[PDB]
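Just need the structure, nothing else, for what follows:
(chains A, B and C)
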Amino acid sequence: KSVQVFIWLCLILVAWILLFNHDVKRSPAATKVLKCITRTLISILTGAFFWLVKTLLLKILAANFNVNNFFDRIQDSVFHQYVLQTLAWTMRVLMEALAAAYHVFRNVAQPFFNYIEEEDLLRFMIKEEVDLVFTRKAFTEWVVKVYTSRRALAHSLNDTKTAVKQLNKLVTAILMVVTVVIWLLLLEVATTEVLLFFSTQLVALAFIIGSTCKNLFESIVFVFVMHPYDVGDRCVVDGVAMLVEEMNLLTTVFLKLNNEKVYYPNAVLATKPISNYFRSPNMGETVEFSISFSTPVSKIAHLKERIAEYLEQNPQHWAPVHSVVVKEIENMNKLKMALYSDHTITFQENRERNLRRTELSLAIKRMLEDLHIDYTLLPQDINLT
Amino acid sequence: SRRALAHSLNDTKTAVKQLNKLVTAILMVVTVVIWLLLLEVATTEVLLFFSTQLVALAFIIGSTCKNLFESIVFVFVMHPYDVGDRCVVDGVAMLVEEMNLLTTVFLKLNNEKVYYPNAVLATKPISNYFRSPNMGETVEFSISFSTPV
Amino acid sequence: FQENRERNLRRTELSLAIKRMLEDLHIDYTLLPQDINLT
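Numbers count the residues shown, from 1 in each chain, chains lettered A, B, ... in the order given. The protein structure is shown below:
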């Protein structure tokens, strides 16, 4: 549409120029109005070119956001469509897009059949498709997680669209003011002195509002170019974790672990480190405990073997890889000990991570209790009088 | 090691490609404006209005391409580290993941992704484990003052 | 230090060796004696 209107306007301008290109001076009054009209056509042509470049910038930004998120958005949409069947166009579909779902899934599954019914999937989709898509409780949990992910993707898309719309409004206002001033200058109504007075007032005001649109530009380049995080991702700033809520050009709203709303200046974040749990791979875990310096090495080996067995017998929560490291020796009476292991998920699920850490700590406590590992304070010698 | 070298080469190629795109856009805008000026279509007053708008916008986007230039001179000229090398910043170790013109992605010991502004790193010390020689070790323990020599 | 896991394991092994060697040598640490006057 933009190129069509641009060609329309340019053809109109050239046609007008050709008609009056001939040197036919109807009257001195006609010349002034003709010059004013031509200046108006040139000014509106410049405005149309500005609009074209503006929409080009907006479209390239939208395409960058698409390459960033629309792939996962379309994947989630396809997964949801496949699940529903078992039980651009992609951008439009994404924009358009618990107990009840679990009940529906259970009803679809054959009675007294915990595993997914192959016949039901086959009748609704091909066997290969069903296998690729693939415990009633596990299926319900997966459906709930997929729905939550789709909702988060929709919220992220809406936030990005709102930010792009606000940026479009701002740049359109800038274009409007630029084109009106361009038309005024072309019309040549103001004399010299007033023009330089306007110029000096303009450089003054330019410094004034530059002191702020510098921060604005930093914020937009931060949110767009670096793109450290998306909506709904858990991030840590200054050592405190929080969840992204709203993406604005000048600010970003975050929710702390205590459901406390926080407002941040986007410009400041550009000068601070940002960590993302959602984008990070499976995260590690650390536990701390201490034992006596007199503990035999055999007990330490037994504890290591028990830890390895416990970790390998629970793959769903902890990966087989693990390590036990001695930190430091305190007066050769206390031996600092720590265990390192990796979850099967990231820190995004804070509640699940905390529960798993508590379970691991309880397991370590029990295992230490059975092994009879004891810690004793340094003996004190007392001389009576 | 071969996989790490391939990843480093790919990251360097991607950074060079992005820099090429940026400089090519700058060249394109420069040449179009040069052609427009040579054609001599605009009159005087509009030319100085364009000039003042240009110096204004130049300050605006300079406030940021200054940091951009600092980041590129940091990643290229100093070249403190490569992809896959373990580095320590502010006393915390991490692993290089992605090399971007404006930022560098690092992974902490807990497999925690971190994003840094490349401009800031230029003003902070950087230590590289991969490029360093064999490292030392220290252990701490205490004994009684009455221990015989 | 690039191999953080290997470095940590080697440090732990060295610490255990130091612990054992100190244990065999019978090196002991004692807190400063405290004098108590009853009433």
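
Assign residue A:243 to one of the three secondary structure states.
Of the three states, residue A:243 takes strand under DSSP: H, G, I helix; E, B strand; the rest coil.

Likewise for the one 3 residues further on?
Classification of residue A:246 into helix, strand or coil gives strand, according to three-state DSSP.

Break down the stretch 201-350 of chain A into its strands, ranges please.
According to DSSP state E, counting those that start in this stretch, the stretch 201-350 of chain A carries its strands in the segments A:234-237, A:240-247, A:251-256, A:261-265, A:274-276, A:284-292, A:318-330, A:334-343.

burial count for residue A:213?
Residue A:213 has 17 neighbouring residues, counting by other CB atoms under 10 Å in any protein chain shown. Any C-beta I mention is one placed from the backbone N, CA and C, and that applies to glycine too.

related to what we said a few turns ago, relative to chain C, which of the strands of the stretch 201-350 of chain A is closest?
Each of the strands of the stretch 201-350 of chain A has some distance to chain C by CB to the nearest CB; the shortest is strand A:318-330, at 4.3 Å.

Tell me which residues touch residue A:287, please.
By CB atoms under 8 Å, 6 or more residues apart in numbering or on different chains, the contact list for residue A:287 reads A:338-339, A:357, A:360-361, A:364.

Please enumerate the helices of chain A.
Under the criterion DSSP state H, helices of chain A are mapped to A:2-20, A:28-65, A:71-86, A:89-96, A:99-108, A:118-124, A:127-133, A:136-187, A:192-221, A:266-269, A:297-312, A:350-371.

And the second one, what's buried?
So that's helix A:28-65. Across helix A:28-65, burial judged by 16 or more other CB atoms under 10 Å in any protein chain shown covers A:39, A:41-44, A:46-48, A:50-51, A:54-55, A:58, A:61, A:65.

so how far is residue B:56 from the closest residue to residue A:282 other than its chain neighbours?
In space, and not counting its chain neighbours, residue A:282 is closest to residue A:342: 5.3 Å by CB to CB, 6 or more residues apart in numbering or on different chains. The gap separating residue A:342 from residue B:56 is 52 Å, by CB to CB, to the nearest Å.

what does residue A:281 give?
45 Å.

Tell me which residue is most central in chain A.
residue A:230 (0.7 Å; CA atoms, centre = their mean).

what sits against residue A:363?
Neighbour list for residue A:363: residue A:310 [criterion: CB under 8 Å, 6+ apart].

just checking, residue A:241 touches residue A:278?
No - assessed by CB atoms under 8 Å, residue A:241 is found out of contact with residue A:278, at 11.7 Å.

what is in contact with these two at once?
Here residue A:241 and residue A:278 have residue A:234 as joint contacts, going by CB under 8 Å, 6+ apart.

Filter the contacts of residue A:287 down to the buried ones and hand me the ChimeraX line.
Typed into ChimeraX, the line below selects the buried ones among the contacts of residue A:287, using 16+ other CB under 10 Å:
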select /A:338,339,360,364
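
Now for the contacts of residue A:287: which two are most distant?
Greatest spatial distance in these: A:338 and A:357, 13.3 Å, computed using CB to CB.

Kindly report the residues of the stretch 151-300 of chain A close to chain B.
A:178, A:181-182, A:185-186, A:188, A:195, A:199, A:202-203, A:206, A:210, A:213-214, A:217-218, A:221, A:225-226, A:228, A:236, A:270-271, A:273-277, A:279-286 (CB under 8 Å from any CB of the partner chain).

Buried subset of those as a ChimeraX selection?
Selection of the buried residues among those in ChimeraX, burial being defined by 16+ other CB under 10 Å:
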select /A:182,185,186,206,210,213,214,217,218,221,225,226,228,236,270,273,274,275,276,277,279,280,283,284,285
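
Ramachandran angles for residue A:23?
Backbone dihedrals for residue A:23, given as degrees, to the nearest 10, come out at phi -80, psi 80.

One more: the one 4 residues further on?
When quoted as degrees, to the nearest 10, the phi and psi of residue A:27 stand at phi -170, psi 160.

returning to that earlier point: among the helices of chain A, which is the most enclosed?
helix A:266-269 (a mean of 19; mean count of other CB atoms under 10 Å in any protein chain shown).

for whatever residue of chain A ends up closest to chain B, what are its contacts?
Residue nearest to chain B within chain A (CB to the nearest CB): residue A:280, separated by 3.6 Å. Contacts for residue A:280 were tallied using CB under 8 Å, 6+ apart; they are A:346-347, B:107, B:111-113.

try it again with 7 Å
A:346, B:111-113 (CB atoms under 7 Å, 6 or more residues apart in numbering or on different chains).

ok, the nearest residue to residue A:49 once chain neighbours are set aside to chain C distance?
Counting by CB to CB, 6+ apart, the nearest residue to residue A:49 once its immediate chain neighbours are dropped is residue A:6, at 7.2 Å. Remark: distance between residue A:6 and chain C (CB to the nearest CB, to the nearest Å) = 57 Å.

So residue A:6 is in contact with residue A:48, correct?
Yes - applying CB atoms under 7 Å as the test, residue A:6 and residue A:48 come out as touching, 5.4 Å apart.

can you list the residues of the stretch 151-300 of chain A near chain C?
Within the stretch 151-300 of chain A, the positions near chain C by CB under 7 Å from any CB of the partner chain are A:293, A:297.

Contacts only, for residue A:134.
Residue A:134 sits next to residue A:116 when contact means CB under 7 Å, 6+ apart.

Ignore what I typed, I meant residue A:57.
Counted by CB under 7 Å, 6+ apart, residue A:57 has zero contacts.

Quick one: residues contacting residue A:38.
Per CB under 7 Å, 6+ apart, neighbours of residue A:38: none.
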